[PDB]
Amino acid sequence: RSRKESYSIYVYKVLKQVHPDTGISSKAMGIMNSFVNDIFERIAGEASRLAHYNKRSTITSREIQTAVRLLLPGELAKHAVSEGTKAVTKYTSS
Amino acid sequence: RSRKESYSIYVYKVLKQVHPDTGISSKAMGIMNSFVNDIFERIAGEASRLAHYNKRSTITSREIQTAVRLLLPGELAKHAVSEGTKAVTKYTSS
Amino acid sequence: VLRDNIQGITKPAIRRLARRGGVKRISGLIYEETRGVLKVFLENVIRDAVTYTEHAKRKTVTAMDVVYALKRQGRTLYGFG
Amino acid sequence: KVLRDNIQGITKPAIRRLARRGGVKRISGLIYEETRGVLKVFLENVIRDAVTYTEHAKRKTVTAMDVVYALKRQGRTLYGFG
Amino acid sequence: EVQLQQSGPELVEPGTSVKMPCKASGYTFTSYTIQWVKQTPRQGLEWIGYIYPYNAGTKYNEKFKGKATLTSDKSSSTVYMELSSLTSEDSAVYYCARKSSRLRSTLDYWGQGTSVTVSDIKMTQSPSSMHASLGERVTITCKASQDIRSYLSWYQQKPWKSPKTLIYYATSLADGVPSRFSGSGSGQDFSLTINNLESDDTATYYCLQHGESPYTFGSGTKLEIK
Amino acid sequence: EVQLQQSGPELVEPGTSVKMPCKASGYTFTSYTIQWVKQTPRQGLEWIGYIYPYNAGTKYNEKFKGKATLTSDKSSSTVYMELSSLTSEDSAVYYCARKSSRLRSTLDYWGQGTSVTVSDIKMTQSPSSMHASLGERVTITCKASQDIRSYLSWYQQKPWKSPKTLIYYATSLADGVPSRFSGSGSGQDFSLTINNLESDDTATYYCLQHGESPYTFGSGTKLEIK
Amino acid sequence: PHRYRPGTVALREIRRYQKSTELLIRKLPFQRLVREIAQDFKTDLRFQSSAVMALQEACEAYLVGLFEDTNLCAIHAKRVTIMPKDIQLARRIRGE
Amino acid sequence: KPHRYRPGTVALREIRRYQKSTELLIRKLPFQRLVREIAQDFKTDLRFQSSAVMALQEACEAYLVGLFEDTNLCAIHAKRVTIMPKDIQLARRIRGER
Amino acid sequence: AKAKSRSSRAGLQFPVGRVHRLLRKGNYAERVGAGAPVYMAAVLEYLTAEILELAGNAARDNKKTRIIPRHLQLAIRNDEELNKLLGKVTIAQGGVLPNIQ
Amino acid sequence: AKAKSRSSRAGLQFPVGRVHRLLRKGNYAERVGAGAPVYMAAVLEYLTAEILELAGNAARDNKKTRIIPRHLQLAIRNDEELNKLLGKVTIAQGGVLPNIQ
DNA sequence: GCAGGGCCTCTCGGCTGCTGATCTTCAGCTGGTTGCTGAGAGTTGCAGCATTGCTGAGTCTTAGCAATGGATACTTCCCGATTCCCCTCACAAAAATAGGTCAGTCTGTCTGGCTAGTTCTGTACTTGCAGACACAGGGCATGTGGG
DNA sequence: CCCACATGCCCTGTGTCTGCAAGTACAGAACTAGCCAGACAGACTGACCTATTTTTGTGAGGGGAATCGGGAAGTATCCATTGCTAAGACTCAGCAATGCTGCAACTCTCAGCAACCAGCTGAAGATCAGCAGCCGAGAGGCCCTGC
């Protein structure tokens, strides 16, 4: 009872936008929360290591893109790079 | 020249302490440097992870001791805990 | 105090595990070896879990501590936080 | 200049010497092509990550420290090059 | 770099069976599905099925079950396709194309085509044939039947050549395709726009959906220049 | 938990061979070497050699090659020892002791001893035997011949019993040893001090070095209480 | 009386147990084994119900993944019966 | 009659010889040409430090020697002394690379 | 002025602000750039969308309207790139593949 | 007052101040306690002392008075706990363990 | 290869519990705005380093050949693992209970960051010098064809 | 089982040479000393949750006999590898010139941090129909036996 703070509502909006009629169980939500957390620590650790290697003090979208290219295999990296570049371009134009 | 800052003089001091007549080559010197950096990174990462799990903001000798217990196998962890405890007690006694 | 509960992992349980693993025929000496391997793996996970709870100054082993103990051996588990 | 077909530069006695260091007494004739394919796959897997590190550093020269990072993030930590 | 080699033309008498290869090179063979597309002058491009060489998994079209049989050979990186009991309406050129297992990806690289001769969602392209000079703007509409969540691709096919991917995911440019081409639209309405024409742009343009299980192409649009 | 089981006494005629086991349990068997120590009343404790069950690595005393042979069996966690051409001066009690491969660690756990009867650094213990009452301060010295970098252990042996470790690394308390025992010294001069005595400190106290390859024990110090 | 030749019941068991997701080790014996193992590390310990559950999923997944490699070693030795030498070889190649 | 060793004696001699030395067993210039050709497909006009090519070489020799150790283990398990591509494939599959 | 979420600014469903807070509190770097949480939220959103769509397709083929960890396990293990990404990951109540040949 | 090194106060040879600076600058925690670099330098000093002494013993048995990577590799691979600590580590110019027979 | 009798999952109905989707409330965390500052980008230059080319000695590879011993196929046979039946014994579920541990709130305090000055120690650089690499010559364990 | 000749390797001896250890400026980082504030420890206190008892009506486990079928052992074949040799060819070492890229230094400006506040998003708690589980009956593929 101290604000557990999961990703469950965001995973729900994503699920309702790619499959408007299917639902999800609480066990599968726990699996997918663990998945989102694990990928967050992987990408953030790789970006932190890249920034430490290049003697930078800030983590930027370049570091995030290089971490994504290092960690995701195959066309997953290409599509995630496209998604991240598209979102950064949309955010910059406000 | 940008002061590359190895562990070479300290490892040479330890070598002359445990083997007063035995020298070391430069390649074995670099390998021992890599060993010190790797073990430092492992124990520091485990201590930082422990402090993040227990919602602490500081790394102390308890976190270092628990990380040593987690990473070193068998009697290595016992003797390293003994050395760390002895050095911390000696430093506290000033 | 509990003594000799490794035989609680019964022979049909090991056979069911091998059937899920895709094994058609099982030798009679497989079961004791499987009990030894499972005991070694369980000791390796449980020791790290107990280390996590003892660093937390707790006395109950939690699922999150079991998850950390599994994750630090490269055996990441999903579904428990 | 463009190089072509240098996987055959890893000769049959070189693979034989690596097998003898591995403790292998007898070597089949089809071992060498399979070993060349395996070594090639390992080399692209390491070199792609090393080139990724080099490109993130905005450099054209692949360094030993980049090779060490590419090996370390694949669980193949190498001591002796930094 | 990525090549999908096929066989030559097969002059084959009716009633027999034919097998053609789709030997692939330049990429990791098990990471990409190999999809098979047939082409007739009468009803255009048609999707037959695919093989995923990672797990030998298949999925076929409704009207090609029994007519088609897909096999994979992981050792030689070759995909074979069996056509059995060849009816007179099987004289066609059969293309094999590479598609990644990602839902966003499409048929990016194609084979040259094997001409074998025997001795649901409907996608409507609003123009059938258009004419243009060397410098205007030309649009192509690909009105869809059901809702597809931006899973639409655009292809350019020269006469007697393999199709070339232009747009995937209804907006994204393919590899090597210049910024002159531009796709737009989502849901049921889609559009392909060419900025200015050249002599190279004289081709036939198709739109392919891959939202639901049977992949369906468009009717086709011939572009004529000057 | 950690125990090193052994066999019974062996009444053996001269000239033949004998095998005694050191079946051990309660720990990871390959991680710890098993050292072998003979004990005669004439010469005290004498270190024979050790086996390393991880790589079958063996090292013997200089005076014990040919006489002794050490083999390991990883399946039953058992360590064997063969004595060949048994001379009349081989009647002793043979102990097997566990020791970690770390240089700091010592012979911590011992076996009970098998009594087999047949039908270089010198370490000096300055008190041969001492007498003390119930609450006194006692001190045993173990001056060495060469230099050892604090690689000294201390042992307490009840009569007709296995030795028990008190001090390792010349200062550190062993497992379960009370804080009355205190070791000190480095280099060549060492001291063992027992704080307040009871009736159960009536034993013989030995000091063992493991700084160089033949491990040598002390002469022993019989401590008598009231 | 109906009798099956040795093996078809086994492939039916493979098809049955590869389709289910339920745990195949009995929960109370696994819990007793877990508490006996943890008793050697700390006296009078305590467990959440989900901690033993997570231990059970980890252990069953590890044993299933070990039995797949054991079966692969058994087919490599031109057999169909898995043996402790196949378990040992699979663990040795895995590095355990 | 000229001297002829039986098959296996020379092989055990090379096992004993090459298990003692620490030298690199692949020739440096063919390995360097292979490394440059492989890296050509990722970035054109690349440059390589000599220590970088040497580090790649030590990594490749260590990986191949460990894989040949596991392959010999598979060959002994199949009651053979001749290592085979199926033995390499089984070792690489159990290791998690296939 | 009226407050606008950075997720709505980037056209995402994942929280850019929460990803920023976890990047700052997670002890990764001294500073965090402005576009890095946007990029991370987009990459995480693409990965959850791909796995959820494949699991929903598996649940549709299993004639169910709910995604369970069995459907998630089928979706991840039937894909080369997802199985390479999540090779050392155990999915609880996931089972194994039916190994149909 | 005359400055005393923290390594000299702890009785170590490894740099307590440099280890503290690397802990502070390495992005591990928000703050670092006083005894944590002392414990870190002690553990590192013990580990290098053990490895260097075993490698010097290997050099002495090889009748050499200089430690090389072959001696380091022999000392590491002839030990359970050093092998488990450095299992996934390649030592350059270290070779392999010679077989028994 | 073809046909008849058990039987073991699929398919369908339909009812049933349970759990996941939705609504409501509150708290806390994200966004807006301002100001401050230091981190990284940009420009110029410099040294250092990787690329290329040429030459020459020389070690390594390659193709062909013989002959051997190891992998493979076939057969026997016998060990042992499967399958079924019964009977029995712990697993599971469910309700209750006590007590013991864990999490929350408040308070004070000690300890770690911050800042400025100082000095000292660790690094780059440059010597000499001896451990180890080089060839070369006895000597030993054994490799392999006769007896 | 013993011998022979023959060959590969360890050891000894000495020149040498390159790499290692020791000695000097020097500048960057560690230490010293106040100072401030906030993270964590200490003590109450509620309250959840974990261990422990008891019943029970089952579902899974264990033991034994019959039998089939797979693993182990022995034999013969043949083929595929190993060892060896002479010719080529390609690696390696050394030296020199080049231009090209990786550092270094100074400037500055722009992007990111700090802080405060209000308000909007998200977590916790109830609630409920609809999805999935459960039980029962019918059909079809499949296995076992027989011809």
# chains A, B, ... in the order shown; residues from 1 in each chain; ligands from 1
>>> residues_around(residues="region 5-18 of chain L", least_positions_apart="2", cutoff="12 Å", atoms="only C-alpha atoms (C1' of nucleotides)", output="ChimeraX atom specification")
/H:1-5,9-10,13-14,16-17 /K:129-146 /L:3,20
>>> interface_residues(of="chain I", to="chain J", cutoff="7 Å", atoms="only C-alpha atoms", output="PyMOL selection string")
chain I and resi 27-29
>>> calpha_fit_and_write(fixed="chain J", moving="chain I", output="short mmCIF file (atom, residue, chain, number, x, y, z; two decimals) with N, CA and C atoms, in the first residue's frame")
data_model
loop_
_atom_site.label_atom_id
_atom_site.label_comp_id
_atom_site.auth_asym_id
_atom_site.auth_seq_id
_atom_site.Cartn_x
_atom_site.Cartn_y
_atom_site.Cartn_z
N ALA I 1 48.64 20.33 9.55
CA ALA I 1 49.24 19.08 10.02
C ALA I 1 49.88 18.31 8.87
N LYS I 2 50.71 17.33 9.21
CA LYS I 2 51.36 16.51 8.20
C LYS I 2 50.35 15.56 7.57
N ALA I 3 50.37 15.48 6.24
CA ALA I 3 49.41 14.65 5.53
C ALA I 3 49.78 13.18 5.64
N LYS I 4 48.78 12.35 5.90
CA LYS I 4 48.94 10.90 5.99
C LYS I 4 47.98 10.25 5.01
N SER I 5 48.48 9.29 4.23
CA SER I 5 47.62 8.59 3.29
C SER I 5 46.67 7.66 4.02
N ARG I 6 45.46 7.51 3.46
CA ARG I 6 44.50 6.58 4.03
C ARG I 6 44.93 5.14 3.83
N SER I 7 45.75 4.87 2.80
CA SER I 7 46.35 3.55 2.65
C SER I 7 47.29 3.23 3.80
N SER I 8 48.07 4.22 4.24
CA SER I 8 48.94 4.00 5.40
C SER I 8 48.13 3.95 6.68
N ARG I 9 47.00 4.66 6.72
CA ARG I 9 46.11 4.59 7.88
C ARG I 9 45.48 3.22 8.00
N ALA I 10 45.11 2.61 6.88
CA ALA I 10 44.52 1.28 6.86
C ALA I 10 45.55 0.16 6.80
N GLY I 11 46.83 0.49 6.65
CA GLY I 11 47.86 -0.52 6.50
C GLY I 11 47.79 -1.27 5.19
N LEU I 12 47.52 -0.57 4.10
CA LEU I 12 47.37 -1.17 2.79
C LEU I 12 48.44 -0.65 1.85
N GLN I 13 48.56 -1.30 0.69
CA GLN I 13 49.40 -0.80 -0.39
C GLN I 13 48.58 -0.19 -1.52
N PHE I 14 47.31 -0.58 -1.66
CA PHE I 14 46.40 -0.08 -2.67
C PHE I 14 45.85 1.29 -2.28
N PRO I 15 45.57 2.17 -3.27
CA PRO I 15 45.20 3.56 -2.95
C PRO I 15 43.74 3.70 -2.54
N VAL I 16 43.52 3.98 -1.25
CA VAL I 16 42.17 4.20 -0.74
C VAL I 16 41.58 5.48 -1.33
N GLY I 17 42.41 6.51 -1.51
CA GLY I 17 41.92 7.75 -2.10
C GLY I 17 41.53 7.60 -3.56
N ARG I 18 42.32 6.86 -4.33
CA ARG I 18 41.97 6.63 -5.73
C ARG I 18 40.75 5.72 -5.87
N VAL I 19 40.61 4.74 -4.97
CA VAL I 19 39.42 3.90 -4.98
C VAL I 19 38.18 4.71 -4.61
N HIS I 20 38.33 5.66 -3.68
CA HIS I 20 37.24 6.59 -3.36
C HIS I 20 36.87 7.46 -4.55
N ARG I 21 37.87 7.97 -5.27
CA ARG I 21 37.60 8.83 -6.41
C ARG I 21 36.95 8.06 -7.55
N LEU I 22 37.35 6.81 -7.76
CA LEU I 22 36.72 5.98 -8.78
C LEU I 22 35.33 5.54 -8.36
N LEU I 23 35.08 5.42 -7.06
CA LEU I 23 33.73 5.11 -6.60
C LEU I 23 32.80 6.30 -6.75
N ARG I 24 33.32 7.51 -6.52
CA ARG I 24 32.49 8.70 -6.68
C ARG I 24 32.24 9.02 -8.15
N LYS I 25 33.28 8.95 -8.98
CA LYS I 25 33.15 9.28 -10.39
C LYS I 25 32.56 8.15 -11.22
N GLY I 26 32.43 6.96 -10.66
CA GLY I 26 31.99 5.81 -11.43
C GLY I 26 30.50 5.65 -11.58
N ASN I 27 29.71 6.57 -11.00
CA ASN I 27 28.25 6.58 -11.07
C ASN I 27 27.65 5.29 -10.52
N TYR I 28 27.99 5.00 -9.27
CA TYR I 28 27.47 3.83 -8.57
C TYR I 28 26.41 4.20 -7.55
N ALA I 29 26.63 5.27 -6.78
CA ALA I 29 25.66 5.72 -5.81
C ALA I 29 25.77 7.23 -5.68
N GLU I 30 24.76 7.82 -5.04
CA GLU I 30 24.80 9.25 -4.75
C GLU I 30 25.89 9.57 -3.75
N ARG I 31 26.02 8.76 -2.70
CA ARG I 31 27.04 8.97 -1.68
C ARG I 31 27.90 7.72 -1.54
N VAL I 32 29.10 7.91 -1.00
CA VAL I 32 30.03 6.82 -0.72
C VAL I 32 30.47 6.95 0.73
N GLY I 33 30.36 5.87 1.49
CA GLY I 33 30.78 5.87 2.88
C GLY I 33 32.29 5.93 3.02
N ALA I 34 32.73 6.18 4.26
CA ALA I 34 34.16 6.34 4.51
C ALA I 34 34.89 5.00 4.50
N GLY I 35 34.27 3.95 5.02
CA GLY I 35 34.92 2.65 5.09
C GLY I 35 34.83 1.80 3.84
N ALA I 36 33.96 2.18 2.90
CA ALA I 36 33.84 1.44 1.65
C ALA I 36 35.10 1.45 0.78
N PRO I 37 35.81 2.58 0.56
CA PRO I 37 37.07 2.47 -0.19
C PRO I 37 38.15 1.68 0.54
N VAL I 38 38.15 1.73 1.87
CA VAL I 38 39.09 0.92 2.65
C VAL I 38 38.82 -0.56 2.45
N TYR I 39 37.54 -0.95 2.50
CA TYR I 39 37.15 -2.34 2.30
C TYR I 39 37.46 -2.81 0.88
N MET I 40 37.17 -1.96 -0.12
CA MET I 40 37.43 -2.33 -1.50
C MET I 40 38.92 -2.45 -1.79
N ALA I 41 39.72 -1.52 -1.25
CA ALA I 41 41.16 -1.58 -1.45
C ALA I 41 41.76 -2.81 -0.78
N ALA I 42 41.24 -3.18 0.40
CA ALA I 42 41.71 -4.40 1.06
C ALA I 42 41.36 -5.65 0.28
N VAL I 43 40.15 -5.72 -0.28
CA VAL I 43 39.73 -6.90 -1.03
C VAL I 43 40.54 -7.02 -2.32
N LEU I 44 40.73 -5.90 -3.02
CA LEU I 44 41.55 -5.88 -4.23
C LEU I 44 43.00 -6.25 -3.93
N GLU I 45 43.53 -5.78 -2.79
CA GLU I 45 44.90 -6.09 -2.41
C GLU I 45 45.06 -7.57 -2.07
N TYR I 46 44.07 -8.16 -1.40
CA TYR I 46 44.12 -9.60 -1.12
C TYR I 46 44.08 -10.42 -2.40
N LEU I 47 43.24 -10.02 -3.36
CA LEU I 47 43.13 -10.78 -4.60
C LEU I 47 44.39 -10.68 -5.44
N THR I 48 44.97 -9.47 -5.55
CA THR I 48 46.22 -9.34 -6.30
C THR I 48 47.37 -10.05 -5.59
N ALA I 49 47.37 -10.09 -4.25
CA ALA I 49 48.42 -10.80 -3.53
C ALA I 49 48.33 -12.30 -3.74
N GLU I 50 47.11 -12.84 -3.75
CA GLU I 50 46.94 -14.28 -3.92
C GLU I 50 47.33 -14.72 -5.33
N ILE I 51 46.87 -13.97 -6.34
CA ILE I 51 47.19 -14.34 -7.72
C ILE I 51 48.68 -14.15 -8.00
N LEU I 52 49.28 -13.08 -7.46
CA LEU I 52 50.71 -12.84 -7.66
C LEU I 52 51.56 -13.89 -6.95
N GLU I 53 51.15 -14.34 -5.77
CA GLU I 53 51.92 -15.37 -5.07
C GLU I 53 51.83 -16.71 -5.79
N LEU I 54 50.65 -17.08 -6.29
CA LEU I 54 50.52 -18.33 -7.03
C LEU I 54 51.28 -18.28 -8.35
N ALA I 55 51.26 -17.13 -9.03
CA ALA I 55 52.02 -16.99 -10.27
C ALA I 55 53.52 -16.98 -10.01
N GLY I 56 53.95 -16.40 -8.89
CA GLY I 56 55.36 -16.46 -8.54
C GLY I 56 55.82 -17.86 -8.20
N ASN I 57 54.96 -18.65 -7.55
CA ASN I 57 55.27 -20.05 -7.29
C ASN I 57 55.35 -20.85 -8.59
N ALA I 58 54.45 -20.57 -9.53
CA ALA I 58 54.51 -21.24 -10.84
C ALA I 58 55.78 -20.86 -11.60
N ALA I 59 56.18 -19.59 -11.52
CA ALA I 59 57.41 -19.15 -12.17
C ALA I 59 58.64 -19.75 -11.50
N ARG I 60 58.59 -19.94 -10.18
CA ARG I 60 59.68 -20.61 -9.48
C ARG I 60 59.78 -22.07 -9.89
N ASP I 61 58.64 -22.73 -10.07
CA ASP I 61 58.65 -24.13 -10.51
C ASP I 61 59.06 -24.25 -11.97
N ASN I 62 58.89 -23.18 -12.74
CA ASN I 62 59.32 -23.18 -14.13
C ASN I 62 60.76 -22.64 -14.24
N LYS I 63 61.42 -22.45 -13.08
CA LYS I 63 62.80 -21.98 -12.95
C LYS I 63 63.02 -20.62 -13.61
N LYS I 64 62.07 -19.71 -13.43
CA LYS I 64 62.16 -18.36 -13.96
C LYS I 64 61.96 -17.35 -12.83
N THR I 65 62.54 -16.17 -13.01
CA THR I 65 62.44 -15.10 -12.02
C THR I 65 61.49 -13.99 -12.46
N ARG I 66 60.72 -14.20 -13.52
CA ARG I 66 59.79 -13.20 -14.01
C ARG I 66 58.44 -13.86 -14.24
N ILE I 67 57.38 -13.16 -13.87
CA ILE I 67 56.02 -13.64 -14.07
C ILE I 67 55.54 -13.21 -15.44
N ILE I 68 55.10 -14.17 -16.24
CA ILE I 68 54.60 -13.90 -17.58
C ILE I 68 53.11 -14.28 -17.59
N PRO I 69 52.34 -13.90 -18.63
CA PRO I 69 50.94 -14.35 -18.68
C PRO I 69 50.74 -15.85 -18.73
N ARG I 70 51.74 -16.62 -19.17
CA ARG I 70 51.67 -18.08 -19.03
C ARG I 70 51.65 -18.49 -17.56
N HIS I 71 52.50 -17.86 -16.74
CA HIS I 71 52.50 -18.15 -15.31
C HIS I 71 51.19 -17.72 -14.65
N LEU I 72 50.66 -16.56 -15.07
CA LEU I 72 49.36 -16.13 -14.56
C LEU I 72 48.25 -17.09 -14.96
N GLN I 73 48.25 -17.56 -16.21
CA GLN I 73 47.23 -18.49 -16.67
C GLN I 73 47.32 -19.82 -15.93
N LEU I 74 48.53 -20.31 -15.68
CA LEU I 74 48.70 -21.54 -14.91
C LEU I 74 48.18 -21.38 -13.48
N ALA I 75 48.50 -20.24 -12.85
CA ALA I 75 48.07 -19.98 -11.48
C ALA I 75 46.56 -19.89 -11.35
N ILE I 76 45.90 -19.23 -12.30
CA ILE I 76 44.44 -19.10 -12.22
C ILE I 76 43.75 -20.41 -12.60
N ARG I 77 44.19 -21.08 -13.66
CA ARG I 77 43.48 -22.27 -14.10
C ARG I 77 43.79 -23.51 -13.27
N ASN I 78 44.81 -23.47 -12.41
CA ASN I 78 45.07 -24.60 -11.53
C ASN I 78 44.30 -24.52 -10.22
N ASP I 79 43.44 -23.52 -10.05
CA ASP I 79 42.72 -23.28 -8.80
C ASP I 79 41.22 -23.26 -9.08
N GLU I 80 40.45 -24.03 -8.29
CA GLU I 80 38.99 -24.08 -8.44
C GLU I 80 38.33 -22.73 -8.24
N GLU I 81 38.67 -22.03 -7.15
CA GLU I 81 37.97 -20.79 -6.83
C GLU I 81 38.36 -19.67 -7.78
N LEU I 82 39.64 -19.60 -8.16
CA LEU I 82 40.08 -18.59 -9.12
C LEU I 82 39.53 -18.88 -10.51
N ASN I 83 39.39 -20.16 -10.87
CA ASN I 83 38.81 -20.50 -12.17
C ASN I 83 37.31 -20.26 -12.19
N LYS I 84 36.65 -20.39 -11.04
CA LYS I 84 35.24 -20.03 -10.96
C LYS I 84 35.06 -18.52 -11.03
N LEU I 85 35.99 -17.77 -10.44
CA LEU I 85 35.91 -16.31 -10.49
C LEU I 85 36.20 -15.78 -11.88
N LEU I 86 37.15 -16.40 -12.59
CA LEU I 86 37.61 -15.91 -13.88
C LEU I 86 37.37 -16.94 -14.98
N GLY I 87 36.17 -17.51 -15.01
CA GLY I 87 35.87 -18.53 -16.01
C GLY I 87 35.64 -17.97 -17.40
N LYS I 88 35.01 -16.80 -17.49
CA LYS I 88 34.72 -16.17 -18.77
C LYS I 88 35.77 -15.14 -19.16
N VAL I 89 37.02 -15.35 -18.77
CA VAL I 89 38.09 -14.39 -18.96
C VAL I 89 39.18 -15.05 -19.80
N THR I 90 39.58 -14.39 -20.88
CA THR I 90 40.70 -14.81 -21.70
C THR I 90 41.94 -14.02 -21.29
N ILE I 91 43.01 -14.74 -20.97
CA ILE I 91 44.31 -14.15 -20.67
C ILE I 91 45.15 -14.23 -21.94
N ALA I 92 45.55 -13.08 -22.47
CA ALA I 92 46.32 -13.05 -23.70
C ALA I 92 47.72 -13.58 -23.46
N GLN I 93 48.22 -14.38 -24.42
CA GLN I 93 49.46 -15.16 -24.30
C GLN I 93 49.46 -16.05 -23.06
N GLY I 94 48.32 -16.65 -22.74
CA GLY I 94 48.23 -17.50 -21.58
C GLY I 94 48.34 -18.97 -21.92
N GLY I 95 47.86 -19.35 -23.10
CA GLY I 95 47.88 -20.75 -23.46
C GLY I 95 46.78 -21.52 -22.75
N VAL I 96 46.96 -22.84 -22.72
CA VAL I 96 46.04 -23.74 -22.05
C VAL I 96 46.85 -24.69 -21.18
N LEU I 97 46.14 -25.52 -20.43
CA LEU I 97 46.78 -26.48 -19.54
C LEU I 97 47.38 -27.63 -20.33
N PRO I 98 48.49 -28.23 -19.88
CA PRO I 98 49.11 -29.33 -20.64
C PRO I 98 48.35 -30.65 -20.63
N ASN I 99 47.24 -30.72 -19.88
CA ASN I 99 46.29 -31.84 -19.75
C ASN I 99 46.97 -33.18 -19.43
N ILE I 100 48.04 -33.11 -18.63
CA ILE I 100 48.74 -34.31 -18.19
C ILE I 100 47.86 -35.14 -17.26
N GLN I 101 47.73 -36.42 -17.57
CA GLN I 101 46.89 -37.33 -16.80
C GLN I 101 47.74 -38.33 -16.02
#
>>> residues_around(residues="region 184-189 of chain F", least_positions_apart="4", cutoff="7 Å", atoms="only C-alpha atoms (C1' of nucleotides)", output="list in words")
residues 142, 143, 144, 145, 146, 147, 148, 149, 150, 170 and 171 of chain F
>>> interface_residues(of="chain B", to="chain F", cutoff="10 Å", atoms="only C-alpha atoms", output="list in words")
residues 17, 18, 73, 74, 75, 76, 79 and 82 of chain B
>>> atom_distance(atom1="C1' of residue 107 (chain L)", atom2="CA of residue 1 (chain B)")
23.5 Å
>>> atom_distance(atom1="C1' of residue 4 (chain K)", atom2="CA of residue 10 (chain G)")
25.9 Å
>>> residues_around(residues="residue 3 (chain F)", least_positions_apart="5", cutoff="9 Å", atoms="only C-alpha atoms (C1' of nucleotides)", output="count of residues only")
8
>>> select_by_dssp(residues="region 10-72 of chain C", states="helix (DSSP H, G or I)", output="MDAnalysis selection string")
chainID C and resid 11:20 30:55 63:71
>>> residues_around(residues="region 122-125 of chain E", least_positions_apart="2", cutoff="12 Å", atoms="only C-alpha atoms (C1' of nucleotides)", output="PyMOL selection string")
chain E and resi 45-46+120+127-130+139-148+152-154+188-192+204-212+214-222
